[PDB]
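Note: the block below is input01.txt and it holds compact mmCIF, N, CA and C atoms.
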# COMPACT_ATOMS: atom_id res chain seq x y z
N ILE A 1 84.90 79.52 91.69
CA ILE A 1 86.11 79.56 92.51
C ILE A 1 85.89 80.63 93.57
N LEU A 2 85.84 80.22 94.83
CA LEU A 2 85.41 81.11 95.90
C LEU A 2 86.43 81.12 97.03
N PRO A 3 86.81 82.29 97.52
CA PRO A 3 87.56 82.36 98.78
C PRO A 3 86.66 82.07 99.97
N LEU A 4 86.57 80.79 100.35
CA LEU A 4 85.55 80.31 101.28
C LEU A 4 85.70 80.90 102.68
N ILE A 5 86.94 81.10 103.13
CA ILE A 5 87.15 81.70 104.45
C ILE A 5 86.78 83.18 104.41
N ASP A 6 87.05 83.84 103.28
CA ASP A 6 86.78 85.27 103.17
C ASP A 6 85.30 85.57 103.06
N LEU A 7 84.51 84.63 102.55
CA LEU A 7 83.07 84.84 102.43
C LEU A 7 82.32 84.44 103.69
N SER A 8 82.88 83.53 104.49
CA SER A 8 82.25 83.15 105.75
C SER A 8 82.60 84.09 106.89
N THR A 9 83.72 84.80 106.80
CA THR A 9 84.07 85.82 107.78
C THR A 9 83.30 87.09 107.48
N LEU A 10 82.80 87.75 108.52
CA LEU A 10 82.16 89.04 108.37
C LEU A 10 83.14 90.16 108.72
N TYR A 11 82.79 91.37 108.31
CA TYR A 11 83.55 92.57 108.66
C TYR A 11 82.53 93.63 109.05
N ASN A 12 82.46 93.94 110.34
CA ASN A 12 81.33 94.65 110.90
C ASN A 12 81.72 96.01 111.45
N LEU A 13 80.72 96.87 111.56
CA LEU A 13 80.84 98.18 112.20
C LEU A 13 79.71 98.30 113.21
N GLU A 14 80.05 98.39 114.50
CA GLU A 14 79.05 98.55 115.55
C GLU A 14 79.44 99.65 116.51
N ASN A 15 78.43 100.32 117.06
CA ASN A 15 78.62 101.36 118.05
C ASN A 15 77.82 101.04 119.30
N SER A 16 78.27 101.58 120.43
CA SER A 16 77.64 101.34 121.72
C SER A 16 77.56 102.67 122.46
N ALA A 17 77.14 102.61 123.72
CA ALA A 17 77.04 103.80 124.56
C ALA A 17 77.19 103.37 126.01
N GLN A 18 78.27 103.82 126.64
CA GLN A 18 78.57 103.51 128.03
C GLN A 18 78.34 104.76 128.87
N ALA A 19 77.89 104.56 130.11
CA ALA A 19 77.60 105.67 130.99
C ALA A 19 78.09 105.34 132.39
N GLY A 20 77.93 106.30 133.29
CA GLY A 20 78.33 106.11 134.67
C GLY A 20 79.78 106.46 134.94
N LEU A 21 80.23 107.59 134.41
CA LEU A 21 81.62 108.00 134.56
C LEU A 21 81.79 108.83 135.82
N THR A 22 82.94 108.65 136.47
CA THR A 22 83.35 109.33 137.68
C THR A 22 84.65 110.09 137.41
N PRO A 23 84.79 111.31 137.92
CA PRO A 23 86.05 112.05 137.72
C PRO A 23 87.23 111.37 138.40
N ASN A 24 88.35 111.32 137.67
CA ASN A 24 89.65 110.80 138.10
C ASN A 24 89.62 109.33 138.48
N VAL A 25 88.66 108.57 137.95
CA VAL A 25 88.60 107.12 138.13
C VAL A 25 88.62 106.48 136.74
N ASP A 26 89.31 105.36 136.62
CA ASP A 26 89.42 104.65 135.34
C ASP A 26 88.10 104.01 134.96
N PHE A 27 87.53 104.45 133.84
CA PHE A 27 86.38 103.80 133.23
C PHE A 27 86.89 102.77 132.23
N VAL A 28 86.50 101.51 132.41
CA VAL A 28 86.99 100.41 131.59
C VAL A 28 85.86 99.90 130.71
N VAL A 29 86.14 99.75 129.42
CA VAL A 29 85.23 99.13 128.47
C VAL A 29 85.91 97.89 127.93
N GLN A 30 85.35 96.72 128.23
CA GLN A 30 85.99 95.46 127.89
C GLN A 30 85.76 95.08 126.43
N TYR A 31 86.81 94.56 125.80
CA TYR A 31 86.67 93.94 124.49
C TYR A 31 86.14 92.53 124.66
N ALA A 32 85.23 92.14 123.78
CA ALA A 32 84.56 90.86 123.90
C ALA A 32 85.34 89.76 123.18
N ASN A 33 84.91 88.52 123.39
CA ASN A 33 85.53 87.38 122.75
C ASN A 33 85.06 87.24 121.30
N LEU A 34 85.80 86.42 120.54
CA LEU A 34 85.54 85.96 119.18
C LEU A 34 85.71 87.06 118.12
N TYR A 35 85.85 88.30 118.54
CA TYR A 35 86.02 89.41 117.63
C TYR A 35 87.50 89.75 117.53
N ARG A 36 87.91 90.19 116.35
CA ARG A 36 89.29 90.62 116.10
C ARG A 36 89.20 92.09 115.76
N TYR A 37 89.37 92.94 116.77
CA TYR A 37 89.08 94.35 116.65
C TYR A 37 90.16 95.06 115.85
N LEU A 38 89.74 95.84 114.86
CA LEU A 38 90.67 96.56 114.01
C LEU A 38 90.79 98.03 114.38
N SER A 39 89.73 98.66 114.86
CA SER A 39 89.82 100.04 115.30
C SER A 39 88.75 100.31 116.35
N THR A 40 89.12 101.10 117.34
CA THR A 40 88.20 101.61 118.35
C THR A 40 88.06 103.11 118.15
N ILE A 41 86.84 103.62 118.30
CA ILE A 41 86.58 105.05 118.29
C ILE A 41 85.75 105.37 119.52
N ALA A 42 86.25 106.28 120.36
CA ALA A 42 85.57 106.70 121.57
C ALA A 42 85.21 108.17 121.44
N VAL A 43 83.95 108.49 121.69
CA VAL A 43 83.46 109.86 121.66
C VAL A 43 83.00 110.22 123.06
N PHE A 44 83.58 111.28 123.62
CA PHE A 44 83.23 111.72 124.97
C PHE A 44 82.18 112.81 124.86
N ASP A 45 80.92 112.40 124.84
CA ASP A 45 79.81 113.32 125.01
C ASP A 45 79.74 113.67 126.49
N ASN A 46 80.29 114.82 126.85
CA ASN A 46 80.34 115.26 128.24
C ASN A 46 79.12 116.12 128.58
N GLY A 47 77.95 115.54 128.35
CA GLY A 47 76.70 116.21 128.63
C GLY A 47 76.39 117.35 127.68
N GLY A 48 76.37 117.06 126.38
CA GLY A 48 76.12 118.09 125.40
C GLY A 48 77.26 119.04 125.18
N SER A 49 78.48 118.66 125.57
CA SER A 49 79.64 119.51 125.44
C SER A 49 80.81 118.67 124.98
N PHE A 50 81.56 119.19 124.01
CA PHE A 50 82.66 118.46 123.40
C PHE A 50 83.91 119.32 123.50
N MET B 1 124.42 88.32 127.28
CA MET B 1 125.87 88.21 127.35
C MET B 1 126.47 89.33 128.20
N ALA B 2 125.80 89.64 129.31
CA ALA B 2 126.27 90.68 130.21
C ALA B 2 127.39 90.15 131.10
N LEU B 3 128.25 91.06 131.54
CA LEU B 3 129.33 90.72 132.45
C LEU B 3 128.87 90.92 133.88
N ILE B 4 129.19 89.95 134.73
CA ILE B 4 128.79 90.01 136.13
C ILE B 4 129.65 91.04 136.84
N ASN B 5 129.01 92.01 137.48
CA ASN B 5 129.70 92.94 138.37
C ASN B 5 130.04 92.21 139.66
N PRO B 6 131.33 92.06 140.01
CA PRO B 6 131.66 91.39 141.27
C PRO B 6 131.54 92.29 142.48
N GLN B 7 131.58 93.61 142.30
CA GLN B 7 131.48 94.52 143.42
C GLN B 7 130.03 94.74 143.82
N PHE B 8 129.13 94.80 142.84
CA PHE B 8 127.70 94.96 143.09
C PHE B 8 126.94 93.92 142.30
N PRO B 9 126.92 92.67 142.75
CA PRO B 9 126.11 91.66 142.07
C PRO B 9 124.66 91.74 142.53
N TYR B 10 123.80 91.03 141.80
CA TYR B 10 122.39 90.96 142.15
C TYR B 10 121.93 89.52 142.01
N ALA B 11 120.76 89.24 142.58
CA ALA B 11 120.22 87.90 142.61
C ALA B 11 119.14 87.75 141.54
N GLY B 12 118.45 86.61 141.55
CA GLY B 12 117.39 86.36 140.62
C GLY B 12 116.14 87.16 140.95
N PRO B 13 115.11 87.01 140.12
CA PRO B 13 113.89 87.80 140.32
C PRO B 13 113.10 87.35 141.54
N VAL B 14 112.57 88.32 142.27
CA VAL B 14 111.74 88.08 143.45
C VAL B 14 110.29 88.09 143.00
N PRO B 15 109.36 87.52 143.77
CA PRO B 15 107.94 87.63 143.41
C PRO B 15 107.42 89.05 143.53
N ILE B 16 106.51 89.39 142.62
CA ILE B 16 105.92 90.72 142.52
C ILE B 16 104.41 90.52 142.44
N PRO B 17 103.58 91.56 142.58
CA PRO B 17 102.13 91.38 142.35
C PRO B 17 101.81 90.92 140.94
N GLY B 18 100.75 90.12 140.83
CA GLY B 18 100.40 89.45 139.61
C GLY B 18 99.08 89.90 139.02
N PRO B 19 98.85 89.57 137.73
CA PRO B 19 97.68 90.05 137.00
C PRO B 19 96.45 89.15 137.00
N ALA B 20 96.05 88.64 138.20
CA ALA B 20 94.82 87.87 138.41
C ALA B 20 94.68 86.66 137.49
N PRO B 21 95.32 85.52 137.83
CA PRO B 21 95.77 84.52 136.83
C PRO B 21 94.75 83.99 135.82
N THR B 22 93.45 84.01 136.12
CA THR B 22 92.48 83.53 135.14
C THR B 22 92.24 84.54 134.04
N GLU B 23 92.59 85.80 134.26
CA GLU B 23 92.33 86.85 133.30
C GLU B 23 93.40 86.92 132.22
N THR B 24 94.44 86.10 132.33
CA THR B 24 95.41 85.87 131.27
C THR B 24 95.16 84.57 130.53
N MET B 25 94.07 83.87 130.84
CA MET B 25 93.71 82.63 130.18
C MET B 25 92.47 82.85 129.33
N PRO B 26 92.51 82.60 128.03
CA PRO B 26 91.34 82.86 127.19
C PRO B 26 90.41 81.66 127.05
N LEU B 27 89.18 81.97 126.63
CA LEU B 27 88.23 80.94 126.22
C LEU B 27 88.51 80.50 124.79
N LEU B 28 88.04 79.29 124.45
CA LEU B 28 88.45 78.61 123.22
C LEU B 28 87.46 78.78 122.04
N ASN B 29 86.53 79.73 122.14
CA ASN B 29 85.90 80.45 121.03
C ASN B 29 84.83 79.78 120.17
N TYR B 30 84.56 78.47 120.30
CA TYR B 30 83.22 77.92 120.07
C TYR B 30 82.55 78.17 118.71
N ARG B 31 83.00 77.55 117.62
CA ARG B 31 82.42 77.80 116.30
C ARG B 31 81.14 77.00 116.07
N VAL B 32 80.09 77.69 115.60
CA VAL B 32 78.85 77.07 115.15
C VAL B 32 78.95 76.71 113.67
N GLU B 33 78.00 75.93 113.17
CA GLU B 33 78.05 75.50 111.77
C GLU B 33 77.44 76.55 110.85
N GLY B 34 77.99 76.65 109.64
CA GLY B 34 77.63 77.72 108.74
C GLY B 34 77.37 77.21 107.34
N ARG B 35 76.92 78.12 106.49
CA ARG B 35 76.36 77.77 105.20
C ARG B 35 76.54 78.94 104.25
N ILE B 36 77.07 78.66 103.06
CA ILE B 36 77.03 79.63 101.97
C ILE B 36 75.60 79.69 101.47
N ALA B 37 74.93 80.80 101.73
CA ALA B 37 73.48 80.84 101.63
C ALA B 37 73.00 81.01 100.20
N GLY B 38 71.80 80.50 99.94
CA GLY B 38 71.13 80.69 98.68
C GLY B 38 71.39 79.56 97.70
N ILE B 39 70.54 79.50 96.68
CA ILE B 39 70.69 78.56 95.58
C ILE B 39 71.38 79.29 94.44
N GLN B 40 72.57 78.83 94.05
CA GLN B 40 73.38 79.55 93.09
C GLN B 40 72.87 79.34 91.67
N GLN B 41 72.89 80.41 90.88
CA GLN B 41 72.57 80.30 89.47
C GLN B 41 73.70 79.60 88.72
N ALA B 42 73.35 78.99 87.59
CA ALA B 42 74.32 78.18 86.86
C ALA B 42 75.20 79.00 85.93
N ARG B 43 74.73 80.16 85.49
CA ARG B 43 75.43 80.93 84.48
C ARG B 43 75.23 82.40 84.79
N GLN B 44 76.07 83.25 84.21
CA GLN B 44 76.01 84.68 84.42
C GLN B 44 76.06 85.43 83.10
N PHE B 45 75.22 86.45 82.98
CA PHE B 45 75.15 87.29 81.79
C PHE B 45 76.34 88.24 81.81
N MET B 46 77.44 87.79 81.21
CA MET B 46 78.72 88.45 81.39
C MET B 46 78.80 89.73 80.55
N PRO B 47 79.50 90.76 81.04
CA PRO B 47 79.63 92.00 80.26
C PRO B 47 80.67 91.94 79.15
N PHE B 48 81.53 90.93 79.13
CA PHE B 48 82.50 90.74 78.06
C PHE B 48 82.36 89.34 77.50
N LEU B 49 82.70 89.19 76.22
CA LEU B 49 82.69 87.88 75.60
C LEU B 49 83.92 87.08 76.03
N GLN B 50 83.74 85.77 76.14
CA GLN B 50 84.75 84.89 76.71
C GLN B 50 85.64 84.23 75.67
N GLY B 51 85.56 84.66 74.41
CA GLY B 51 86.31 84.02 73.36
C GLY B 51 87.44 84.89 72.85
N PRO B 52 88.20 84.37 71.89
CA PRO B 52 89.31 85.14 71.32
C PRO B 52 88.82 86.20 70.34
N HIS B 53 89.69 87.17 70.10
CA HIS B 53 89.47 88.19 69.09
C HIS B 53 90.64 88.18 68.12
N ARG B 54 90.50 88.95 67.05
CA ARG B 54 91.50 89.04 66.00
C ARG B 54 92.12 90.43 65.98
N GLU B 55 93.44 90.48 65.83
CA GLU B 55 94.14 91.76 65.84
C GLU B 55 93.97 92.50 64.52
N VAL B 56 94.11 91.79 63.41
CA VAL B 56 94.01 92.39 62.09
C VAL B 56 92.86 91.73 61.34
N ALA B 57 92.33 92.45 60.36
CA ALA B 57 91.30 91.93 59.47
C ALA B 57 91.94 91.47 58.17
N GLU B 58 91.51 90.31 57.69
CA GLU B 58 92.00 89.74 56.45
C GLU B 58 90.92 89.81 55.39
N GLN B 59 91.32 90.16 54.17
CA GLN B 59 90.36 90.24 53.07
C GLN B 59 89.96 88.85 52.61
N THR B 60 88.66 88.61 52.56
CA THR B 60 88.10 87.36 52.07
C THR B 60 87.64 87.53 50.63
N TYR B 61 87.57 86.41 49.91
CA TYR B 61 87.19 86.40 48.51
C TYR B 61 86.11 85.36 48.27
N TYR B 62 85.41 85.53 47.15
CA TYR B 62 84.56 84.48 46.60
C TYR B 62 84.72 84.46 45.10
N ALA B 63 84.70 83.27 44.52
CA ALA B 63 84.90 83.11 43.09
C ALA B 63 83.66 83.53 42.31
N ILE B 64 83.89 84.18 41.17
CA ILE B 64 82.82 84.48 40.22
C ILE B 64 83.23 83.96 38.85
N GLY B 65 82.24 83.81 37.98
CA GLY B 65 82.46 83.43 36.60
C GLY B 65 82.36 84.63 35.68
N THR B 66 82.71 84.41 34.42
CA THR B 66 82.84 85.51 33.47
C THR B 66 81.62 85.66 32.57
N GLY B 67 81.28 84.63 31.83
CA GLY B 67 80.23 84.73 30.84
C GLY B 67 80.55 83.88 29.63
N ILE B 68 79.59 83.83 28.71
CA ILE B 68 79.77 83.05 27.49
C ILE B 68 80.72 83.80 26.57
N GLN B 69 81.83 83.16 26.22
CA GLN B 69 82.85 83.80 25.41
C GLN B 69 82.49 83.72 23.93
N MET B 70 82.46 84.86 23.27
CA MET B 70 82.02 84.96 21.89
C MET B 70 83.21 84.95 20.94
N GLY B 71 82.90 84.90 19.64
CA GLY B 71 83.89 85.08 18.61
C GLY B 71 84.11 86.55 18.30
N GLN B 72 84.99 86.80 17.34
CA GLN B 72 85.41 88.16 17.03
C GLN B 72 85.61 88.32 15.54
N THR B 73 85.54 89.57 15.08
CA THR B 73 85.90 89.93 13.71
C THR B 73 87.28 90.57 13.76
N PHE B 74 88.31 89.77 13.51
CA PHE B 74 89.67 90.28 13.49
C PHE B 74 89.94 91.08 12.23
N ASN B 75 90.83 92.05 12.35
CA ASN B 75 91.43 92.68 11.18
C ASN B 75 92.55 91.78 10.69
N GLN B 76 92.45 91.32 9.49
CA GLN B 76 93.32 90.25 9.07
C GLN B 76 94.49 90.78 8.25
N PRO B 77 95.67 90.18 8.38
CA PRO B 77 96.86 90.72 7.70
C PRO B 77 96.82 90.49 6.20
N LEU B 78 97.78 91.11 5.53
CA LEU B 78 97.93 90.96 4.09
C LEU B 78 98.76 89.72 3.78
N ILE B 79 98.73 89.31 2.52
CA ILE B 79 99.39 88.08 2.09
C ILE B 79 100.87 88.36 1.87
N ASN B 80 101.72 87.49 2.40
CA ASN B 80 103.17 87.61 2.26
C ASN B 80 103.57 87.23 0.85
N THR B 81 103.38 88.16 -0.08
CA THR B 81 103.90 88.03 -1.44
C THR B 81 105.22 88.78 -1.58
N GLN B 82 106.17 88.38 -0.72
CA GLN B 82 107.53 88.94 -0.64
C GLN B 82 107.54 90.45 -0.40
N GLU B 83 106.54 90.95 0.33
CA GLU B 83 106.53 92.32 0.86
C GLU B 83 106.07 92.21 2.31
N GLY B 84 107.03 92.04 3.21
CA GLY B 84 106.72 91.90 4.62
C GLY B 84 107.90 91.49 5.48

Once more with this new file: its structure as structure tokens, please.
Amino acid sequence: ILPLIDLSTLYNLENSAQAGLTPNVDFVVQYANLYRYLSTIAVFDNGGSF
Amino acid sequence: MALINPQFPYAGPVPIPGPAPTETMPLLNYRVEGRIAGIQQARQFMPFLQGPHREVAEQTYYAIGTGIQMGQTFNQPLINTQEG
């Protein structure tokens, strides 16, 4: 007896790295299709300074 | 259910800037075919037994026999000659 939808669905953790930031301009990171995002975590590595 | 102000009425909504109309329309997400992978085993070495248990223990018995029954040397009474 198997929850067939629950076993065919994945639950993933992935990280990325975006660059090319400009002061006082909106940097946009787009969410992709087919994914149902549960949490976003953004880390601002400001050139070796946090 | 608002009441119309007759001294300062207003009209319907006017056009405003819009949010680039194709960017509010999604794609229909395209499922490929899938498979529950592997050849499944038929049985599992379970950590618990799958049968019933008993709450109390009952005493069991088995029959035994006695032995060859012998005769006896009785102490025999006296004769009833009107004293007894």

Write out as CSV a residue-level contact list of chain A versus chain B with cut-off 8 Å: for each qualifying residue the closest pair of atoms and the distance in Å to one decimal, counting all atoms listed in the file, rows sorted by chain and residue number upward.
residue,atom,partner,partner_atom,distance
A:7,C,B:36,CA,7.4
A:8,CA,B:35,C,7.3
A:33,C,B:29,CA,6.8
A:34,CA,B:29,CA,5.8

Grab the residues selected above and save them as a PDB file, keeping the file's coordinate frame with N, CA and C atoms.
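Below is the file selection37.pdb, written as the result:
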ATOM      1  N   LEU A   7      84.510  84.630 102.550  1.00  0.00           N
ATOM      2  CA  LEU A   7      83.070  84.840 102.430  1.00  0.00           C
ATOM      3  C   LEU A   7      82.320  84.440 103.690  1.00  0.00           C
ATOM      4  N   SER A   8      82.880  83.530 104.490  1.00  0.00           N
ATOM      5  CA  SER A   8      82.250  83.150 105.750  1.00  0.00           C
ATOM      6  C   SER A   8      82.600  84.090 106.890  1.00  0.00           C
ATOM      7  N   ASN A  33      84.910  88.520 123.390  1.00  0.00           N
ATOM      8  CA  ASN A  33      85.530  87.380 122.750  1.00  0.00           C
ATOM      9  C   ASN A  33      85.060  87.240 121.300  1.00  0.00           C
ATOM     10  N   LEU A  34      85.800  86.420 120.540  1.00  0.00           N
ATOM     11  CA  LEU A  34      85.540  85.960 119.180  1.00  0.00           C
ATOM     12  C   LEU A  34      85.710  87.060 118.120  1.00  0.00           C
TER      13      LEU A  34
END

*For CA of residue 31 in chain A and CA of residue 9 in chain A, determine how far apart the two atoms are, in Å to one decimal place.*
18.8 Å

*Computed interatomic separation between CA of residue 33 in chain B and atom C of residue 32 in chain A (Å)*: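 Spanning CA of residue 33 in chain B to atom C of residue 32 in chain A is a straight-line distance of 19.7 Å.
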
*Provide the atom C of residue 60 in chain B to atom N of residue 48 in chain B distance in Å, to one decimal place.*
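Here the two named atoms are 29.3 Å from each other.
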
*Polymer residues at most 12 Å from residue 28 in chain A, only C-alpha atoms, same-chain spacing of 4 or more positions, as number ranges by chain*: A: 18-22, 42

Got a minute to add N, CA, C and O atoms to range 8-26 of chain A and dump it as a PDB file, in the frame of the given file?
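To be explicit, this is the file written out as part_17.pdb:
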ATOM      1  N   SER A   8      82.880  83.530 104.490  1.00  0.00           N
ATOM      2  CA  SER A   8      82.250  83.150 105.750  1.00  0.00           C
ATOM      3  C   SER A   8      82.600  84.090 106.890  1.00  0.00           C
ATOM      4  O   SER A   8      81.837  84.177 107.858  1.00  0.00           O
ATOM      5  N   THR A   9      83.720  84.800 106.800  1.00  0.00           N
ATOM      6  CA  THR A   9      84.070  85.820 107.780  1.00  0.00           C
ATOM      7  C   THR A   9      83.300  87.090 107.480  1.00  0.00           C
ATOM      8  O   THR A   9      83.140  87.468 106.319  1.00  0.00           O
ATOM      9  N   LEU A  10      82.800  87.750 108.520  1.00  0.00           N
ATOM     10  CA  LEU A  10      82.160  89.040 108.370  1.00  0.00           C
ATOM     11  C   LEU A  10      83.140  90.160 108.720  1.00  0.00           C
ATOM     12  O   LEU A  10      84.176  89.930 109.346  1.00  0.00           O
ATOM     13  N   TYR A  11      82.790  91.370 108.310  1.00  0.00           N
ATOM     14  CA  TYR A  11      83.550  92.570 108.660  1.00  0.00           C
ATOM     15  C   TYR A  11      82.530  93.630 109.050  1.00  0.00           C
ATOM     16  O   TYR A  11      81.813  94.146 108.191  1.00  0.00           O
ATOM     17  N   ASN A  12      82.460  93.940 110.340  1.00  0.00           N
ATOM     18  CA  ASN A  12      81.330  94.650 110.900  1.00  0.00           C
ATOM     19  C   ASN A  12      81.720  96.010 111.450  1.00  0.00           C
ATOM     20  O   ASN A  12      82.886  96.267 111.760  1.00  0.00           O
ATOM     21  N   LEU A  13      80.720  96.870 111.560  1.00  0.00           N
ATOM     22  CA  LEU A  13      80.840  98.180 112.200  1.00  0.00           C
ATOM     23  C   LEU A  13      79.710  98.300 113.210  1.00  0.00           C
ATOM     24  O   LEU A  13      78.540  98.301 112.822  1.00  0.00           O
ATOM     25  N   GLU A  14      80.050  98.390 114.500  1.00  0.00           N
ATOM     26  CA  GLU A  14      79.050  98.550 115.550  1.00  0.00           C
ATOM     27  C   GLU A  14      79.440  99.650 116.510  1.00  0.00           C
ATOM     28  O   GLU A  14      80.625  99.885 116.774  1.00  0.00           O
ATOM     29  N   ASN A  15      78.430 100.320 117.060  1.00  0.00           N
ATOM     30  CA  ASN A  15      78.620 101.360 118.050  1.00  0.00           C
ATOM     31  C   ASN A  15      77.820 101.040 119.300  1.00  0.00           C
ATOM     32  O   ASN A  15      76.810 100.330 119.255  1.00  0.00           O
ATOM     33  N   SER A  16      78.270 101.580 120.430  1.00  0.00           N
ATOM     34  CA  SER A  16      77.640 101.340 121.720  1.00  0.00           C
ATOM     35  C   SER A  16      77.560 102.670 122.460  1.00  0.00           C
ATOM     36  O   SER A  16      77.866 103.728 121.908  1.00  0.00           O
ATOM     37  N   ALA A  17      77.140 102.610 123.720  1.00  0.00           N
ATOM     38  CA  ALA A  17      77.040 103.800 124.560  1.00  0.00           C
ATOM     39  C   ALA A  17      77.190 103.370 126.010  1.00  0.00           C
ATOM     40  O   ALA A  17      76.344 102.651 126.535  1.00  0.00           O
ATOM     41  N   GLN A  18      78.270 103.820 126.640  1.00  0.00           N
ATOM     42  CA  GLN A  18      78.570 103.510 128.030  1.00  0.00           C
ATOM     43  C   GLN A  18      78.340 104.760 128.870  1.00  0.00           C
ATOM     44  O   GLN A  18      78.557 105.879 128.418  1.00  0.00           O
ATOM     45  N   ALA A  19      77.890 104.560 130.110  1.00  0.00           N
ATOM     46  CA  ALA A  19      77.600 105.670 130.990  1.00  0.00           C
ATOM     47  C   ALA A  19      78.090 105.340 132.390  1.00  0.00           C
ATOM     48  O   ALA A  19      78.589 104.245 132.656  1.00  0.00           O
ATOM     49  N   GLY A  20      77.930 106.300 133.290  1.00  0.00           N
ATOM     50  CA  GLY A  20      78.330 106.110 134.670  1.00  0.00           C
ATOM     51  C   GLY A  20      79.780 106.460 134.940  1.00  0.00           C
ATOM     52  O   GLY A  20      80.481 105.709 135.621  1.00  0.00           O
ATOM     53  N   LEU A  21      80.230 107.590 134.410  1.00  0.00           N
ATOM     54  CA  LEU A  21      81.620 108.000 134.560  1.00  0.00           C
ATOM     55  C   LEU A  21      81.790 108.830 135.820  1.00  0.00           C
ATOM     56  O   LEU A  21      80.907 109.597 136.208  1.00  0.00           O
ATOM     57  N   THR A  22      82.940 108.650 136.470  1.00  0.00           N
ATOM     58  CA  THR A  22      83.350 109.330 137.680  1.00  0.00           C
ATOM     59  C   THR A  22      84.650 110.090 137.410  1.00  0.00           C
ATOM     60  O   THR A  22      85.514 109.566 136.710  1.00  0.00           O
ATOM     61  N   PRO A  23      84.790 111.310 137.920  1.00  0.00           N
ATOM     62  CA  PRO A  23      86.050 112.050 137.720  1.00  0.00           C
ATOM     63  C   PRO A  23      87.230 111.370 138.400  1.00  0.00           C
ATOM     64  O   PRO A  23      87.131 110.894 139.535  1.00  0.00           O
ATOM     65  N   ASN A  24      88.350 111.320 137.670  1.00  0.00           N
ATOM     66  CA  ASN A  24      89.650 110.800 138.100  1.00  0.00           C
ATOM     67  C   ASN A  24      89.620 109.330 138.480  1.00  0.00           C
ATOM     68  O   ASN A  24      90.471 108.862 139.237  1.00  0.00           O
ATOM     69  N   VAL A  25      88.660 108.570 137.950  1.00  0.00           N
ATOM     70  CA  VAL A  25      88.600 107.120 138.130  1.00  0.00           C
ATOM     71  C   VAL A  25      88.620 106.480 136.740  1.00  0.00           C
ATOM     72  O   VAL A  25      88.016 107.016 135.805  1.00  0.00           O
ATOM     73  N   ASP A  26      89.310 105.360 136.620  1.00  0.00           N
ATOM     74  CA  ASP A  26      89.420 104.650 135.340  1.00  0.00           C
ATOM     75  C   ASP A  26      88.100 104.010 134.960  1.00  0.00           C
ATOM     76  O   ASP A  26      87.604 103.122 135.665  1.00  0.00           O
TER      77      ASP A  26
END
